[PDB]
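Input: a single structure, listed below in structure tokens.
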Amino acid sequence: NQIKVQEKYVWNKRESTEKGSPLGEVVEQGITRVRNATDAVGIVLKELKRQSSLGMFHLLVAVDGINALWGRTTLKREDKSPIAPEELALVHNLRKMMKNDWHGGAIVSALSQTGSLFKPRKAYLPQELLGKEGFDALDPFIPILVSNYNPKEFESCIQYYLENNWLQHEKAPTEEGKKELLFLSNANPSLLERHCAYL
Amino acid sequence: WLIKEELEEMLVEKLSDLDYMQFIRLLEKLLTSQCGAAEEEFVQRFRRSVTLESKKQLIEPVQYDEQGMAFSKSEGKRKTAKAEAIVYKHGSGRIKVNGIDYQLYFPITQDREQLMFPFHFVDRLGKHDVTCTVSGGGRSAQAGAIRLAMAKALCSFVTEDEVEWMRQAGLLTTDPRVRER
Ligand SMILES: Nc1nc2c(ncn2[C@@H]2O[C@H](COP(=O)(O)OP(=O)(O)O)[C@@H](O)[C@H]2O)c(=O)[nH]1
């Protein structure tokens, strides 16, 4: 309700959003008639990227699995031809947000090989997952490394699971059980969580 | 004991079974008594040799790398997979398979348990570093080859009683089961 559009948006010859209406209307127009959902997302982005520059609010652009935007798709036409990522309006409009041509906010993102298309299982580095196009787009950027648990974090994670009584095996509380969990997971948070799930 | 036919060959005379038994019982009586050196060699004239050499795992030498760290190298084989492992005397429990961390090289939990079995058995998880190179075979065959290589290399840094225990737990035996034609 506080944010208001700065242009007239025409959904259909009958229906339009007139200048100065609250942004919520645009969102509602995408939630009621799905035909205009994708057009309603872009407008929202186009507004948030602009008004933040004016200084009305601070904008955080959080995108997980950002490596999807500059890769390949598994979507096809009716003639079974491949579709490129830039041909999707939803993906085309989100790339504009990754460009650092606006101020008043930050762009935080995370890579992910899980769910990715045409990437080997052991690819995790920024260039390898992003591609040449992705690296050129995000460049310059600040990379931040996430590693496996160090001993303190691993001990505290198992203590949290013990406090929730989530480790029911009688040998799990013991030191030998902790060493076996450490070896089998190698302090990896996801492997440790999956192993602790069924113990 | 000397068999009947070879005893005939030594004597160059045919003899029955009961007289062979008579001779063997006399030899037993001579053994039980406090037989001297002459009697000992006399008995040995009629005692053939069979060699038993189990219990003894060849303990690989402890080498030293350029950095002054002690390590031991060993080989293992399982089906068509061949592994060669270097175990370091001191470490923090890091296993490195073809230059890849062991949890990334072995996504399946069964193989990680197989890699864990040797160190866990002798209660030294997190005390050695392993650098192994495995080639050929498949997932489980490579895991088994690496397990055998690490056990045979780790036999250098354990006590002889522990070496025998690993031998009895099946951790130092090459598995010979392979696909039959
Ligand atoms: N139906 C409709 N969609 C609009 C309108 N304005 C913006 N949009 C949507 O919001 C997005 C705005 O992106 P934009 O900055 O204008 O890039 P461009 O259209 O390719 O030049 C567009 O991709 C449209 O999908 C409009 O006046 N009518």
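Basis for what follows: all heavy atoms, side chains included, without hydrogens, waters or symmetry-related copies. Chain identifiers are assigned alphabetically (A, B, ...) following the order of the sequence lines, protein sequences preceding nucleic acid strands; residue numbering begins at 1 within each chain.
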With a 4.5 angstrom heavy-atom cut-off, which part of A:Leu191 approaches chain B: side chain, backbone, both or neither? side chain

If you draw a 6.0 Å radius around OH in A:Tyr124, do more than 12 non-hydrogen atoms from other residues or ligands fall strictly inside? no

In Å, rounded to the nearest 0.5 Å, how long is the span from CZ of A:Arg121 to CG of B:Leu104? 7.0 Å

Applying ring-ring contact (aromatic ring centres under 6.0 Å, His included), run through B:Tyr102 and A:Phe183 and close with a yes or a no. CA-CA 10 Å; B:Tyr102 68 98; A:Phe183 186 97; 4.8 Å; yes

Reported CG-to-CG distance for the pair A:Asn188 and B:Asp101, which is rounded to 0.5 angstrom: 10.0 Å

Find the distance between NZ (A:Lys179) and CZ (B:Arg124) and round it off to the nearest 0.5 Å. 11.0 Å

Cut-off 4.5 Å, heavy atoms of chain B, and the answer for A:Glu176 is neither

Does a sphere of radius 6.0 Å around OH in A:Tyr160 hold more than 12 heavy atoms from other residues, nucleotides or ligands, not counting ones at 6.0 Å or beyond? no

Enclosure of B:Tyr64 OH (heavy-atom neighbours >12, cutoff 6.0 Å): no

Nearest atoms (heavy-atom pairs only) where B:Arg112 meets A:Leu184: NE-O, 2.7 Å

Around atom CD of B:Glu160, are there more than 12 heavy atoms from other residues, nucleotides or ligands closer than 6.0 Å? no

Crowding at CG, B:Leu11 (>12 non-hydrogen neighbours, <6.0 Å): yes

How far does CD1 of B:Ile100 sit from NZ of A:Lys122, to the nearest 0.5 angstrom? 4.5 Å

Around atom CD of A:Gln2, are there more than 12 heavy atoms of other residues, nucleotides or ligands at under 6.0 Å? no

